[PDB]
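Laid out below as C-alpha coordinates are two forms of one and the same protein chain, each shown alone and named structure 1 and structure 2.
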Structure 1
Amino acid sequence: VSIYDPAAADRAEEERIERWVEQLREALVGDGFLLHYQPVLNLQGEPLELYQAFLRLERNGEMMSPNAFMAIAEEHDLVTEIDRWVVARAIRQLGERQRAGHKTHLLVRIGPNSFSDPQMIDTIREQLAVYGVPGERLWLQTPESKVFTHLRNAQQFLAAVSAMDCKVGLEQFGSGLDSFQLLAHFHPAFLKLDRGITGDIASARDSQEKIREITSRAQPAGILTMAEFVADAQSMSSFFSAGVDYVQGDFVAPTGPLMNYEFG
(Lines of atoms letter the chains of each structure in order from A and count residues from 1; the text may use other names and numbers.)
(Lines give C-alpha, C1' and ligand atoms only; values in the text may rest on other atoms or scores of the structure.)
Protein backbone atom coordinates (compact mmCIF):
# COMPACT_ATOMS: atom_id res chain seq x y z
CA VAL A 1 0.00 0.00 0.00
CA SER A 2 1.05 3.63 -0.62
CA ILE A 3 0.41 5.85 2.38
CA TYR A 4 -1.11 9.16 1.36
CA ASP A 5 1.40 11.97 1.58
CA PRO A 6 -0.07 15.12 -0.01
CA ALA A 7 3.33 16.74 -0.64
CA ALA A 8 4.54 13.50 -2.29
CA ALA A 9 1.28 13.23 -4.33
CA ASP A 10 1.72 16.78 -5.70
CA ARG A 11 5.42 16.03 -6.35
CA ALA A 12 4.43 12.93 -8.41
CA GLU A 13 1.98 14.89 -10.51
CA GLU A 14 4.56 17.57 -11.27
CA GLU A 15 6.99 14.75 -12.05
CA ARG A 16 4.49 13.42 -14.69
CA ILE A 17 4.21 16.90 -16.21
CA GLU A 18 7.96 17.45 -15.99
CA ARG A 19 8.60 14.10 -17.84
CA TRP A 20 6.31 15.22 -20.66
CA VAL A 21 7.99 18.61 -20.82
CA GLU A 22 11.37 16.99 -20.84
CA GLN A 23 10.21 14.53 -23.53
CA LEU A 24 8.98 17.45 -25.65
CA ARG A 25 12.35 19.17 -25.34
CA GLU A 26 14.11 15.91 -26.20
CA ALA A 27 11.83 15.65 -29.20
CA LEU A 28 12.76 19.16 -30.33
CA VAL A 29 16.51 18.50 -29.95
CA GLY A 30 16.43 14.91 -31.21
CA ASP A 31 14.04 15.05 -34.12
CA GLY A 32 11.41 13.12 -32.12
CA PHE A 33 8.58 14.77 -33.91
CA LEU A 34 7.28 13.60 -37.25
CA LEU A 35 4.91 15.05 -39.85
CA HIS A 36 2.11 13.17 -41.45
CA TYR A 37 0.26 14.61 -44.38
CA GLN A 38 -3.29 14.89 -45.50
CA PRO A 39 -4.10 15.58 -49.16
CA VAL A 40 -6.13 18.69 -49.83
CA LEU A 41 -8.18 18.41 -53.00
CA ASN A 42 -9.09 21.27 -55.29
CA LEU A 43 -12.71 21.18 -56.40
CA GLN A 44 -12.71 24.14 -58.78
CA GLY A 45 -10.60 23.01 -61.73
CA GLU A 46 -7.11 23.84 -60.45
CA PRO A 47 -5.38 20.72 -59.26
CA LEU A 48 -2.52 21.52 -56.98
CA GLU A 49 -0.34 19.11 -55.09
CA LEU A 50 -1.24 20.25 -51.64
CA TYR A 51 -1.12 18.50 -48.30
CA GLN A 52 -1.66 19.64 -44.77
CA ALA A 53 0.98 18.80 -42.26
CA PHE A 54 -0.03 17.09 -39.04
CA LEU A 55 2.28 16.71 -36.06
CA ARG A 56 3.12 13.43 -34.41
CA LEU A 57 5.50 12.59 -31.62
CA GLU A 58 7.40 9.34 -31.94
CA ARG A 59 7.65 8.31 -28.32
CA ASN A 60 9.08 4.91 -27.51
CA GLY A 61 7.16 2.98 -30.17
CA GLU A 62 4.02 5.10 -30.11
CA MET A 63 3.08 7.54 -32.83
CA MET A 64 1.43 10.08 -30.56
CA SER A 65 -1.15 12.69 -31.41
CA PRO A 66 -0.76 16.24 -30.12
CA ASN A 67 -3.88 15.37 -28.17
CA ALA A 68 -1.42 13.68 -25.81
CA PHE A 69 0.89 16.61 -25.19
CA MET A 70 -0.27 19.94 -26.56
CA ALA A 71 -1.90 21.03 -23.32
CA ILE A 72 1.40 20.50 -21.55
CA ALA A 73 3.22 22.24 -24.37
CA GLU A 74 0.94 25.26 -24.14
CA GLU A 75 1.29 25.44 -20.32
CA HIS A 76 5.06 25.23 -20.60
CA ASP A 77 5.46 27.63 -23.46
CA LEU A 78 6.72 25.03 -25.94
CA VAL A 79 4.16 25.66 -28.67
CA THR A 80 6.18 28.48 -30.22
CA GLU A 81 9.15 26.21 -30.67
CA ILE A 82 7.06 23.21 -31.76
CA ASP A 83 5.43 25.31 -34.49
CA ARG A 84 8.86 26.44 -35.67
CA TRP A 85 9.98 22.77 -35.68
CA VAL A 86 6.97 21.94 -37.85
CA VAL A 87 7.52 24.83 -40.19
CA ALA A 88 11.24 24.01 -40.53
CA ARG A 89 10.59 20.29 -41.24
CA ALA A 90 7.74 21.20 -43.61
CA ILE A 91 10.16 23.38 -45.63
CA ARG A 92 12.69 20.53 -45.59
CA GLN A 93 9.96 18.22 -46.93
CA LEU A 94 9.04 20.79 -49.60
CA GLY A 95 12.71 20.91 -50.61
CA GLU A 96 13.16 17.17 -50.71
CA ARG A 97 9.94 16.86 -52.69
CA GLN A 98 11.00 19.54 -55.16
CA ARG A 99 14.41 17.88 -55.62
CA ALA A 100 12.55 14.63 -56.39
CA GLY A 101 10.54 16.49 -59.07
CA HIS A 102 7.33 17.15 -57.08
CA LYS A 103 5.81 20.67 -56.86
CA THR A 104 4.47 19.89 -53.40
CA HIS A 105 2.71 22.54 -51.36
CA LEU A 106 2.31 22.22 -47.66
CA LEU A 107 -0.25 23.77 -45.42
CA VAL A 108 1.19 24.19 -41.95
CA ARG A 109 -0.26 25.38 -38.66
CA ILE A 110 1.12 28.23 -36.63
CA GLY A 111 -0.31 29.67 -33.44
CA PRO A 112 -0.48 33.31 -32.37
CA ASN A 113 2.82 33.18 -30.47
CA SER A 114 4.41 32.66 -33.85
CA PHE A 115 3.07 35.99 -35.22
CA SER A 116 5.63 37.94 -33.15
CA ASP A 117 8.31 35.23 -33.04
CA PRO A 118 11.37 36.52 -34.90
CA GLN A 119 12.72 32.99 -35.05
CA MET A 120 9.62 31.88 -36.99
CA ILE A 121 10.10 34.42 -39.73
CA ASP A 122 13.87 33.67 -39.69
CA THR A 123 13.12 29.97 -40.05
CA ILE A 124 10.80 30.55 -42.99
CA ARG A 125 13.12 33.03 -44.72
CA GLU A 126 16.23 31.00 -44.21
CA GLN A 127 14.86 27.48 -44.76
CA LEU A 128 13.00 28.36 -47.95
CA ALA A 129 16.24 29.80 -49.24
CA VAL A 130 18.47 26.94 -48.24
CA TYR A 131 16.12 24.37 -49.80
CA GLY A 132 15.53 26.52 -52.89
CA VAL A 133 11.79 26.32 -52.19
CA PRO A 134 9.63 29.15 -53.66
CA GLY A 135 7.60 30.74 -50.91
CA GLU A 136 4.39 29.94 -52.67
CA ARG A 137 4.87 26.30 -51.75
CA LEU A 138 4.31 27.08 -48.08
CA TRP A 139 0.85 27.92 -46.82
CA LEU A 140 0.47 28.85 -43.19
CA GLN A 141 -2.81 28.65 -41.32
CA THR A 142 -3.81 30.01 -38.00
CA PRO A 143 -7.19 29.92 -36.27
CA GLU A 144 -9.42 32.92 -36.90
CA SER A 145 -10.08 33.16 -33.16
CA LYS A 146 -6.39 33.82 -32.52
CA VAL A 147 -6.18 36.54 -35.13
CA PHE A 148 -9.06 38.43 -33.41
CA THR A 149 -7.11 38.56 -30.22
CA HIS A 150 -3.68 39.25 -31.78
CA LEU A 151 -4.69 41.31 -34.79
CA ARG A 152 -1.78 43.70 -35.07
CA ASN A 153 0.71 40.85 -34.62
CA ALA A 154 -1.23 38.73 -37.12
CA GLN A 155 -1.14 41.60 -39.64
CA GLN A 156 2.62 41.97 -39.16
CA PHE A 157 3.14 38.27 -39.57
CA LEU A 158 0.94 38.18 -42.66
CA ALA A 159 3.01 40.97 -44.23
CA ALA A 160 6.37 39.49 -43.18
CA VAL A 161 5.55 36.02 -44.58
CA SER A 162 3.58 37.25 -47.62
CA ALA A 163 6.83 38.93 -48.64
CA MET A 164 8.20 35.47 -49.31
CA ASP A 165 5.19 34.65 -51.44
CA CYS A 166 3.91 32.27 -48.74
CA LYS A 167 0.14 32.14 -48.27
CA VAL A 168 -1.27 32.97 -44.88
CA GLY A 169 -4.82 31.92 -44.12
CA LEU A 170 -7.32 31.32 -41.43
CA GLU A 171 -8.75 28.06 -40.19
CA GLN A 172 -11.89 27.64 -38.11
CA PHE A 173 -13.27 30.58 -40.09
CA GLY A 174 -16.82 31.52 -39.20
CA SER A 175 -19.75 33.02 -40.99
CA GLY A 176 -20.69 35.85 -38.59
CA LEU A 177 -20.45 39.52 -39.39
CA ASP A 178 -17.36 39.65 -37.17
CA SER A 179 -15.69 37.35 -39.68
CA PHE A 180 -16.74 39.53 -42.59
CA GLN A 181 -15.42 42.59 -40.73
CA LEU A 182 -12.07 40.86 -39.99
CA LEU A 183 -11.58 40.44 -43.76
CA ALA A 184 -11.65 44.27 -44.02
CA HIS A 185 -8.61 44.37 -41.65
CA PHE A 186 -6.77 41.17 -42.44
CA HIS A 187 -6.44 39.87 -45.99
CA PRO A 188 -5.81 36.12 -45.96
CA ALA A 189 -4.87 34.10 -48.98
CA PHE A 190 -7.31 31.42 -47.86
CA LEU A 191 -10.08 30.64 -45.45
CA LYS A 192 -10.83 27.23 -44.05
CA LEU A 193 -14.39 27.09 -42.87
CA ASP A 194 -15.16 26.04 -39.39
CA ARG A 195 -16.54 22.56 -39.10
CA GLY A 196 -19.60 24.05 -37.39
CA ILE A 197 -20.52 25.45 -40.78
CA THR A 198 -19.50 22.59 -42.99
CA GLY A 199 -20.29 19.40 -41.09
CA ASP A 200 -23.98 19.34 -42.11
CA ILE A 201 -23.62 21.01 -45.49
CA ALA A 202 -25.43 18.25 -47.36
CA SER A 203 -28.52 18.44 -45.11
CA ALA A 204 -28.62 21.93 -43.62
CA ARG A 205 -30.06 24.97 -45.38
CA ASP A 206 -28.39 27.36 -42.97
CA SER A 207 -24.96 25.81 -43.49
CA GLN A 208 -25.37 26.05 -47.25
CA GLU A 209 -26.28 29.72 -46.89
CA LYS A 210 -23.33 30.38 -44.51
CA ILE A 211 -20.99 28.88 -46.97
CA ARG A 212 -22.36 30.90 -49.88
CA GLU A 213 -22.18 34.10 -47.79
CA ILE A 214 -18.47 33.36 -47.45
CA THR A 215 -17.66 32.11 -50.91
CA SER A 216 -19.57 35.02 -52.47
CA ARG A 217 -17.22 37.38 -50.68
CA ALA A 218 -14.09 35.26 -50.88
CA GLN A 219 -14.20 34.64 -54.59
CA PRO A 220 -14.15 38.25 -55.86
CA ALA A 221 -11.60 39.12 -53.15
CA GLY A 222 -9.22 36.46 -54.49
CA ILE A 223 -9.44 34.46 -51.25
CA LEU A 224 -9.41 30.68 -51.56
CA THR A 225 -12.00 28.78 -49.53
CA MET A 226 -11.47 25.40 -47.94
CA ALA A 227 -13.51 22.86 -46.02
CA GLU A 228 -12.29 20.09 -43.83
CA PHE A 229 -13.48 16.92 -42.15
CA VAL A 230 -15.21 16.05 -45.38
CA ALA A 231 -16.60 12.63 -44.64
CA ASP A 232 -18.86 11.67 -47.52
CA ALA A 233 -19.69 12.20 -51.17
CA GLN A 234 -22.78 14.35 -50.64
CA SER A 235 -20.83 16.76 -48.52
CA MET A 236 -18.00 16.96 -51.04
CA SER A 237 -20.56 17.64 -53.79
CA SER A 238 -22.23 20.32 -51.77
CA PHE A 239 -18.86 22.13 -51.37
CA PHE A 240 -18.22 21.94 -55.08
CA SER A 241 -21.72 23.38 -55.73
CA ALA A 242 -21.16 26.15 -53.16
CA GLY A 243 -17.93 27.29 -54.92
CA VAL A 244 -15.53 26.03 -52.21
CA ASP A 245 -12.02 25.70 -53.67
CA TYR A 246 -10.60 22.90 -51.56
CA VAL A 247 -11.68 20.00 -49.44
CA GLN A 248 -9.90 17.62 -47.13
CA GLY A 249 -10.93 14.89 -44.76
CA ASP A 250 -10.97 11.14 -44.54
CA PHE A 251 -13.37 10.78 -47.45
CA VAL A 252 -10.92 12.62 -49.66
CA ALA A 253 -7.89 10.88 -48.15
CA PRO A 254 -6.74 9.95 -44.63
CA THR A 255 -3.65 11.53 -43.02
CA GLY A 256 -0.49 9.43 -43.45
CA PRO A 257 3.27 9.39 -43.74
CA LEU A 258 3.37 9.32 -47.50
CA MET A 259 2.74 11.89 -50.17
CA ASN A 260 1.19 9.45 -52.61
CA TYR A 261 -2.07 11.10 -53.47
CA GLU A 262 -2.73 11.40 -57.18
CA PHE A 263 -3.78 14.98 -57.78
CA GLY A 264 -3.51 14.85 -61.62
Structure 2
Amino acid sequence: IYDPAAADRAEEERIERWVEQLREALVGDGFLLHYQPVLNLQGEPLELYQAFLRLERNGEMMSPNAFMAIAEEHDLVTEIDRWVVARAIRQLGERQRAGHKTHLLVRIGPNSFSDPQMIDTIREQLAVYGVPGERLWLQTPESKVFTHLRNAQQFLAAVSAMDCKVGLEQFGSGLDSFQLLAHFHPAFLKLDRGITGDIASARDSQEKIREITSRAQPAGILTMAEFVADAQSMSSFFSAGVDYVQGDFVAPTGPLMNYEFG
Protein backbone atom coordinates (compact mmCIF):
# COMPACT_ATOMS: atom_id res chain seq x y z
CA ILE A 1 0.00 0.00 0.00
CA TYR A 2 1.26 3.49 -0.95
CA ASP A 3 2.19 5.60 2.13
CA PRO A 4 2.18 9.33 1.11
CA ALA A 5 3.84 10.61 4.34
CA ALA A 6 6.66 8.08 3.86
CA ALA A 7 7.10 9.15 0.19
CA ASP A 8 7.28 12.82 1.34
CA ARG A 9 10.18 11.98 3.72
CA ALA A 10 12.04 9.87 1.17
CA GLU A 11 12.22 12.79 -1.36
CA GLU A 12 15.04 14.69 0.37
CA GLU A 13 17.08 11.47 0.18
CA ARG A 14 16.27 10.83 -3.48
CA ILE A 15 17.64 14.33 -4.30
CA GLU A 16 20.88 13.61 -2.33
CA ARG A 17 21.65 10.50 -4.41
CA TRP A 18 21.19 12.49 -7.62
CA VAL A 19 23.57 15.24 -6.40
CA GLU A 20 26.18 12.63 -5.51
CA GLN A 21 25.75 10.98 -8.88
CA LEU A 22 26.35 14.37 -10.53
CA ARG A 23 29.39 15.10 -8.39
CA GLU A 24 30.77 11.68 -9.26
CA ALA A 25 30.25 12.34 -12.97
CA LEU A 26 32.41 15.52 -12.73
CA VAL A 27 35.49 13.24 -12.32
CA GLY A 28 35.30 10.48 -14.96
CA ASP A 29 33.56 9.36 -18.17
CA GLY A 30 30.02 8.92 -16.71
CA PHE A 31 29.05 12.02 -18.70
CA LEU A 32 29.53 11.74 -22.48
CA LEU A 33 28.88 13.78 -25.57
CA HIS A 34 26.77 13.15 -28.59
CA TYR A 35 27.30 15.18 -31.79
CA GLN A 36 25.02 16.94 -34.30
CA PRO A 37 26.47 17.84 -37.72
CA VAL A 38 26.23 21.56 -38.58
CA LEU A 39 26.21 22.03 -42.32
CA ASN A 40 27.38 25.03 -44.38
CA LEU A 41 24.45 26.10 -46.58
CA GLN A 42 26.42 28.41 -48.94
CA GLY A 43 29.77 26.80 -49.89
CA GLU A 44 32.49 24.24 -49.01
CA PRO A 45 31.65 22.95 -45.54
CA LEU A 46 33.83 22.76 -42.48
CA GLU A 47 33.59 19.53 -40.54
CA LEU A 48 31.58 21.02 -37.65
CA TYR A 49 29.52 19.42 -35.03
CA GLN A 50 27.63 20.64 -32.00
CA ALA A 51 28.13 18.73 -28.76
CA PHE A 52 25.27 17.63 -26.56
CA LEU A 53 25.84 16.38 -23.02
CA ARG A 54 24.36 13.06 -21.76
CA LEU A 55 24.67 11.19 -18.50
CA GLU A 56 24.96 7.43 -18.81
CA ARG A 57 24.52 4.92 -15.95
CA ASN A 58 24.64 1.15 -16.72
CA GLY A 59 23.36 1.48 -20.31
CA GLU A 60 20.65 4.05 -19.38
CA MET A 61 21.06 7.42 -21.23
CA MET A 62 19.79 10.73 -19.85
CA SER A 63 19.28 14.16 -21.37
CA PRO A 64 20.32 17.21 -19.36
CA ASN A 65 16.56 17.84 -18.97
CA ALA A 66 16.49 14.87 -16.56
CA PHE A 67 19.06 16.42 -14.16
CA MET A 68 19.64 20.11 -14.88
CA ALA A 69 17.09 21.32 -12.29
CA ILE A 70 19.02 19.50 -9.60
CA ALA A 71 22.33 20.78 -10.98
CA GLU A 72 21.02 24.39 -10.87
CA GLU A 73 19.73 24.00 -7.29
CA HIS A 74 23.18 22.77 -6.18
CA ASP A 75 25.20 25.27 -8.25
CA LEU A 76 26.83 22.56 -10.37
CA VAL A 77 26.14 24.13 -13.80
CA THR A 78 29.50 25.89 -14.07
CA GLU A 79 31.39 22.63 -13.24
CA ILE A 80 29.32 20.69 -15.73
CA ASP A 81 29.99 23.22 -18.48
CA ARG A 82 33.81 23.01 -17.66
CA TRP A 83 33.50 19.20 -17.97
CA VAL A 84 31.92 19.55 -21.45
CA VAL A 85 34.52 21.97 -22.72
CA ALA A 86 37.41 19.71 -21.48
CA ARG A 87 35.81 16.59 -23.06
CA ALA A 88 35.18 18.39 -26.31
CA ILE A 89 38.77 19.51 -26.63
CA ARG A 90 39.85 15.90 -25.92
CA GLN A 91 37.56 14.83 -28.81
CA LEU A 92 39.13 17.39 -31.13
CA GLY A 93 42.55 15.89 -30.23
CA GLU A 94 41.28 12.40 -30.99
CA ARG A 95 39.91 13.52 -34.39
CA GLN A 96 43.02 15.38 -35.28
CA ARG A 97 45.20 12.28 -34.48
CA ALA A 98 43.12 10.26 -36.94
CA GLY A 99 43.55 12.87 -39.73
CA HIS A 100 40.22 14.73 -39.38
CA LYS A 101 40.00 18.55 -39.20
CA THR A 102 36.96 18.49 -36.89
CA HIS A 103 35.40 21.54 -35.26
CA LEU A 104 33.10 21.49 -32.25
CA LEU A 105 30.50 23.89 -31.00
CA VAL A 106 29.93 23.76 -27.29
CA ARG A 107 27.53 25.43 -24.88
CA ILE A 108 28.58 27.46 -21.92
CA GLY A 109 26.46 29.44 -19.48
CA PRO A 110 27.05 32.93 -18.14
CA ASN A 111 28.57 31.89 -14.86
CA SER A 112 31.43 30.39 -16.95
CA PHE A 113 32.35 33.92 -18.08
CA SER A 114 33.88 34.78 -14.71
CA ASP A 115 34.96 31.18 -13.88
CA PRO A 116 38.76 31.29 -13.81
CA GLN A 117 38.73 27.47 -14.22
CA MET A 118 37.01 27.82 -17.61
CA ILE A 119 39.70 30.02 -19.18
CA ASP A 120 42.45 27.79 -17.62
CA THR A 121 40.75 24.57 -18.81
CA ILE A 122 40.59 25.88 -22.37
CA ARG A 123 44.28 26.98 -22.43
CA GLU A 124 45.63 23.87 -20.67
CA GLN A 125 43.52 21.36 -22.60
CA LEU A 126 44.17 22.80 -25.99
CA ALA A 127 47.92 22.53 -25.18
CA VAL A 128 47.69 18.93 -23.79
CA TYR A 129 45.96 17.80 -27.02
CA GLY A 130 47.79 20.11 -29.43
CA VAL A 131 44.43 21.41 -30.81
CA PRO A 132 44.34 24.79 -32.61
CA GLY A 133 41.92 27.07 -30.77
CA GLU A 134 40.04 27.93 -33.99
CA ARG A 135 38.55 24.40 -33.77
CA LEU A 136 36.61 25.18 -30.63
CA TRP A 137 33.40 27.28 -30.90
CA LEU A 138 31.64 28.38 -27.72
CA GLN A 139 27.99 29.52 -27.64
CA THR A 140 25.94 31.29 -24.95
CA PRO A 141 22.35 32.59 -25.13
CA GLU A 142 22.03 36.27 -26.13
CA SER A 143 19.74 36.97 -23.14
CA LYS A 144 22.44 35.81 -20.75
CA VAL A 145 25.23 37.89 -22.30
CA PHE A 146 23.01 41.01 -21.82
CA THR A 147 22.61 40.28 -18.13
CA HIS A 148 26.33 39.48 -17.53
CA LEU A 149 27.88 41.90 -19.99
CA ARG A 150 31.07 43.00 -18.34
CA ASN A 151 32.16 39.43 -17.49
CA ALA A 152 31.09 38.39 -20.99
CA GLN A 153 33.34 41.06 -22.49
CA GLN A 154 36.31 39.94 -20.41
CA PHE A 155 35.74 36.27 -21.32
CA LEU A 156 35.44 37.13 -24.97
CA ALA A 157 38.80 38.95 -24.96
CA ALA A 158 40.61 36.17 -23.03
CA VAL A 159 39.23 33.31 -25.18
CA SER A 160 39.45 35.13 -28.53
CA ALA A 161 43.19 35.54 -27.88
CA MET A 162 43.41 31.72 -28.00
CA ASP A 163 41.72 31.81 -31.46
CA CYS A 164 38.50 30.16 -30.24
CA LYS A 165 35.22 31.53 -31.67
CA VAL A 166 32.65 32.92 -29.21
CA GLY A 167 29.06 33.34 -30.40
CA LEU A 168 25.46 33.76 -29.39
CA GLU A 169 22.53 31.38 -29.57
CA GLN A 170 18.81 32.22 -29.22
CA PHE A 171 19.63 35.43 -31.00
CA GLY A 172 17.43 38.01 -32.57
CA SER A 173 14.03 38.00 -30.80
CA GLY A 174 13.95 41.59 -29.65
CA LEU A 175 13.49 45.02 -31.31
CA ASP A 176 17.03 45.67 -32.53
CA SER A 177 18.88 42.61 -31.11
CA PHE A 178 21.80 43.82 -33.26
CA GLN A 179 22.11 46.56 -30.58
CA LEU A 180 23.81 44.25 -28.09
CA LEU A 181 26.52 43.77 -30.71
CA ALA A 182 27.66 47.35 -30.38
CA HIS A 183 29.01 46.07 -27.00
CA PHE A 184 29.92 42.41 -27.75
CA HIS A 185 31.38 41.39 -31.10
CA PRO A 186 30.68 37.65 -31.64
CA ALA A 187 32.16 35.31 -34.25
CA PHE A 188 28.70 33.89 -34.94
CA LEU A 189 24.98 34.25 -34.29
CA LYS A 190 22.52 31.40 -34.06
CA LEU A 191 19.00 32.63 -34.64
CA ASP A 192 16.27 32.02 -32.13
CA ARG A 193 13.86 29.27 -33.09
CA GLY A 194 10.99 31.79 -32.47
CA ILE A 195 12.22 33.54 -35.67
CA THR A 196 13.15 30.54 -37.76
CA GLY A 197 10.39 27.98 -37.00
CA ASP A 198 7.71 29.64 -39.18
CA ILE A 199 10.11 31.25 -41.72
CA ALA A 200 8.54 29.39 -44.65
CA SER A 201 5.11 30.94 -43.79
CA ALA A 202 5.61 34.25 -41.83
CA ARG A 203 6.94 37.31 -43.74
CA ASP A 204 7.33 38.85 -40.29
CA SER A 205 10.10 36.24 -39.72
CA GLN A 206 11.47 36.39 -43.29
CA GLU A 207 12.09 40.18 -42.84
CA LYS A 208 13.70 39.76 -39.46
CA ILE A 209 16.12 37.13 -40.88
CA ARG A 210 17.17 39.25 -43.86
CA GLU A 211 17.54 42.18 -41.40
CA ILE A 212 19.98 40.04 -39.39
CA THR A 213 21.98 38.60 -42.26
CA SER A 214 22.39 42.01 -44.04
CA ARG A 215 23.96 43.34 -40.81
CA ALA A 216 26.05 40.21 -40.05
CA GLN A 217 27.67 39.76 -43.43
CA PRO A 218 29.35 43.18 -43.69
CA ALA A 219 30.73 42.65 -40.19
CA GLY A 220 32.00 39.13 -41.06
CA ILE A 221 29.73 37.55 -38.44
CA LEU A 222 28.48 34.02 -39.34
CA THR A 223 24.83 33.29 -39.06
CA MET A 224 23.23 29.96 -38.25
CA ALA A 225 19.77 28.36 -38.06
CA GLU A 226 18.79 25.33 -35.95
CA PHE A 227 15.80 22.93 -35.72
CA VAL A 228 15.78 23.01 -39.49
CA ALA A 229 13.25 20.19 -40.21
CA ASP A 230 12.09 20.76 -43.86
CA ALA A 231 13.24 21.78 -47.32
CA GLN A 232 11.25 25.00 -47.66
CA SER A 233 13.09 26.24 -44.53
CA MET A 234 16.42 25.32 -46.09
CA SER A 235 15.37 27.22 -49.21
CA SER A 236 14.40 30.36 -47.30
CA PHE A 237 17.65 30.31 -45.24
CA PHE A 238 19.65 29.85 -48.33
CA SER A 239 18.07 32.88 -50.07
CA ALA A 240 18.36 34.93 -46.91
CA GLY A 241 22.15 34.23 -46.90
CA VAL A 242 22.31 32.16 -43.67
CA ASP A 243 25.68 30.45 -43.44
CA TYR A 244 24.90 27.25 -41.40
CA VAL A 245 21.97 24.97 -40.74
CA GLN A 246 21.41 22.14 -38.35
CA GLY A 247 18.51 19.96 -37.41
CA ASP A 248 16.70 16.72 -38.39
CA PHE A 249 16.63 17.67 -42.09
CA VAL A 250 20.39 17.56 -42.07
CA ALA A 251 21.20 14.83 -39.51
CA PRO A 252 20.26 13.65 -36.03
CA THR A 253 22.38 13.87 -32.92
CA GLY A 254 24.39 10.69 -32.27
CA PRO A 255 27.49 9.14 -30.65
CA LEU A 256 29.59 9.09 -33.75
CA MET A 257 31.19 11.65 -36.02
CA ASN A 258 30.37 9.82 -39.24
CA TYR A 259 28.61 12.62 -41.20
CA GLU A 260 29.98 13.04 -44.77
CA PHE A 261 30.25 16.78 -45.26
CA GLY A 262 28.96 17.88 -48.71
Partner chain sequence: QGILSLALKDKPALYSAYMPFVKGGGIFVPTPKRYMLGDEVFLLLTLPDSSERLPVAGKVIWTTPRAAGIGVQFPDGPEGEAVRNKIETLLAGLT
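Residue positions are counted from 1 along structure 1's sequence. Whichever C-alpha set is largest while still superposing within 1.5 Å between the two forms counts as the rigid core.
Between the two isolated copies of the chain, the form solved in complex with its partner chain corresponds to structure 2.
Only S175, out of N113, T104, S175, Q172, shows a C-alpha shift of 2 Å or more between the two structures on alignment of the rigid core. After superposing the rigid core, the C-alpha of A8 moves by 2 Å or more between the two structures. Core superposition places the Cα of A253 0.4 Å apart between the two structures. The Cα position of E46 changes by 3.2 Å between the two structures once both are aligned on the rigid core.
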